[PDB]
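Engineer: What follows is a single structure, and I will ask about it in a moment.
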Protein chains: 2
Amino acid sequence: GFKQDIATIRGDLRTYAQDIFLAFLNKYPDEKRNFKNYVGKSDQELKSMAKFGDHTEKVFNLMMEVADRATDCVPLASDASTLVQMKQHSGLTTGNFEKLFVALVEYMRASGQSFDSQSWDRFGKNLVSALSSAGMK
Amino acid sequence: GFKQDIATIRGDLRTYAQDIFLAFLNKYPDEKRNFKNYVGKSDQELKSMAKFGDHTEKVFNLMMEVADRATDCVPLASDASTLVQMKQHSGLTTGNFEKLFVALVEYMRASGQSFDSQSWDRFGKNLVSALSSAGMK
Ligand code: HEM
Ligand code: HEM
């Protein structure tokens with residue numbers, strides 16, 4: 001289920017974070033508007049970039065904590081406020097987060113593994129609602 | 001406290017895992033008998049090896065899960081058995097883990113951060129006696 005998936009991702013976080021983030025960027029190429037240092041590079045080139053590895057790790061480290069702190073896939077208000085008020089998230093709207101989780105759930109559904117895809121869909125939709133409530137457009 | 005330290009470490013897991021694992025190897029150089037592939041390499045060389053970082057990341061993820069599951073810094077007997085029964089752990093005594101946590105606590109005390117060093121000291125002692133219970137010599 002959802003709690004076990006959190007442990008699965010944490011067990012190999014580097015690989016999942018990189019693979020899921022790449023699925024996001026390849027499914028929604030226009031999202032590189034936000035990460036212009038990743039333009040013009042293949043997956044293998046991104047995976048050898050220090051900055052890419054560090055960013056994906058810290059994103060998914062934090063995403064797994066937000067997931068771990070949720071109840072029934074509903075994230076804490078404090079966690080959403082953190083995400084809205086991060087300096088690095090200044091320009092973003094909820095549609096950006098929706099697309100990350102669409103790609104994440106698609107990655108799980110295409111995986112050989114028994115991820116609780118439906119739970120992560122709910123988590124994504126509940127996080128977006130939480131971010132709206134904390135002020136994200 | 002202990003719970004917040006878990007979140008602090010998870011937030012930047014690979015960086016804390018490498019620094020702590022390095023402080024352990026450097027405090028107890030004999031312990032490299034167990035990691036032959038790290039012999040003859042400075043900290044910076046080890047930090048450049050993807051395999052070194054992958055190992056430290058998986059170790060400290062599991063350590064943070066055993067920590068998160070503990071009650072009042074008392075690990076589950078089941079986790080202690082898992083760590084004894086791992087094949088990679090075949091032939092270790094509790095002195096090996098005792099030394100890891102001494103280096104971990106010393107690292108925290110020297111940090112400029114308000115880690116709850118005493119809790120980690122107790123978690124390490126309680127893990128060591130739990131590995132003893134679960135059959136480690
Ligand atoms: C959904 C869960 C998300 C989490 C947990 C998360 C977390 C993070 C973290 C930890 C950082 C690093 C901040 C630092 O270095 O202190 C970061 C940076 C950043 N995030 Fe996110 N983020 C999420 C979603 C998104 C989305 C959907 C976008 C855009 C589509 C985005 C855009 C950015 C940008 C542009 C930066 C910093 C610029 C850079 O990479 O140098 N984030 N985020
Ligand atoms: C709470 C403490 C510890 C935890 C959570 C832990 C966890 C792990 C994990 C998850 C792995 C597998 C990593 C992978 O799959 O890549 C591993 C491997 C290993 N561990 Fe530990 N460990 C701990 C303490 C120790 C100590 C104190 C020693 C020896 C001083 C040790 C010796 C080893 C060795 C030799 C390997 C195999 C390394 C290799 O294949 O290159 N472990 N440990």
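Letters A, B, ... go to the chains of the structure tokens in the order shown; residues in each chain start at 1; ligands are counted from 1 in the same order.
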I'd like the contact shell of residue 1 (chain A) - 8 Å cut-off, only C-alpha atoms, skipping same-chain residues fewer than 5 positions apart - returned as a ChimeraX atom specification.

Structural biologist: /A:115-116,119

Engineer: Select from chain A every residue with an atom at most 12 Å from any atom of ligand 2, then for each give the shortest pair of atoms and their distance in Å to one decimal, using only C-alpha atoms and all ligand atoms, rows by chain and rising number, as a Markdown table.

Structural biologist:
```
| residue | atom | partner | partner_atom_place_in_ligand_line | distance |
| --- | --- | --- | --- | --- |
| A:10 | CA | ligand 2 | 10 (C) | 11.0 |
| A:11 | CA | ligand 2 | 10 (C) | 8.1 |
| A:12 | CA | ligand 2 | 15 (O) | 8.8 |
| A:13 | CA | ligand 2 | 16 (O) | 11.8 |
| A:14 | CA | ligand 2 | 16 (O) | 11.7 |
```

Engineer: Quick one: write out the picked residues with C-alpha atoms as a PDB file, in the first residue's frame?

Structural biologist:
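Written output follows (selection_4.pdb):
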```pdb
ATOM      1  CA  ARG A  10      13.310   5.264   0.128  1.00  0.00           C
ATOM      2  CA  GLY A  11      15.069   1.912  -0.306  1.00  0.00           C
ATOM      3  CA  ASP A  12      16.402   3.028  -3.671  1.00  0.00           C
ATOM      4  CA  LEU A  13      15.586   6.735  -3.600  1.00  0.00           C
ATOM      5  CA  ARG A  14      18.367   7.871  -5.952  1.00  0.00           C
TER       6      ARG A  14
END
```

Engineer: Considering only C-alpha atoms, state which residue in the set A:52, A:73, A:94, A:3 is at the smallest distance from residue 36 (chain A).

Structural biologist: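 Looking only at the distances to residue 36 (chain A), the closest residue turns out to be A:52.
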
Engineer: Please write out the residues within 8 Å of ligand 1 as a VMD selection string, counting only C-alpha atoms and all ligand atoms.

Structural biologist: (chain A and resid 31 to 32 34 to 35 51 to 52 55 58 to 64 66 83 86 to 89 92 94 to 101 124 127) or (chain B and resid 11)

Engineer: Selected residues, C-alpha atoms, written as a tab-separated table (two decimals), in the first residue's frame, please.

Structural biologist:
```tsv
chain	number	residue	atom	x	y	z
A	31	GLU	CA	8.22	22.09	-17.79
A	32	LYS	CA	11.95	22.63	-18.44
A	34	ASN	CA	11.48	25.93	-14.83
A	35	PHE	CA	14.78	23.98	-15.04
A	51	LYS	CA	23.15	19.41	-9.81
A	52	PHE	CA	20.49	17.11	-11.26
A	55	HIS	CA	17.99	18.36	-6.84
A	58	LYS	CA	16.26	16.56	-2.11
A	59	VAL	CA	12.89	16.75	-3.91
A	60	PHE	CA	12.07	13.11	-3.29
A	61	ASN	CA	13.57	13.04	0.20
A	62	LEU	CA	11.07	15.79	1.03
A	63	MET	CA	8.20	14.28	-0.99
A	64	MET	CA	8.54	11.00	0.89
A	66	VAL	CA	5.32	14.79	3.15
A	83	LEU	CA	5.98	23.95	-0.33
A	86	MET	CA	9.73	27.96	-0.62
A	87	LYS	CA	11.76	30.63	-2.42
A	88	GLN	CA	12.45	28.10	-5.19
A	89	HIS	CA	8.71	27.67	-5.85
A	92	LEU	CA	4.70	27.92	-9.76
A	94	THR	CA	-0.79	23.94	-8.99
A	95	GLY	CA	-0.88	22.70	-12.58
A	96	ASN	CA	2.87	22.12	-12.32
A	97	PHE	CA	2.34	19.81	-9.33
A	98	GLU	CA	-0.59	18.04	-10.97
A	99	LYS	CA	1.66	17.16	-13.92
A	100	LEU	CA	4.45	15.85	-11.66
A	101	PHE	CA	2.03	13.45	-10.01
A	124	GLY	CA	-1.29	14.12	-5.74
A	127	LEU	CA	-1.57	17.85	-2.23
B	11	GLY	CA	16.21	15.89	4.18
```

Engineer: Would you mind reading off the distance between CA of residue 137 (chain B) and CA of residue 20 (chain B), one decimal, in Å?

Structural biologist: 24.4 Å

Engineer: Have a look at B:136, B:49, B:80, B:74 and name the one nearest to residue 120 (chain B); count only C-alpha atoms.

Structural biologist: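 Ranked by minimum distance to residue 120 (chain B), first place goes to B:74.
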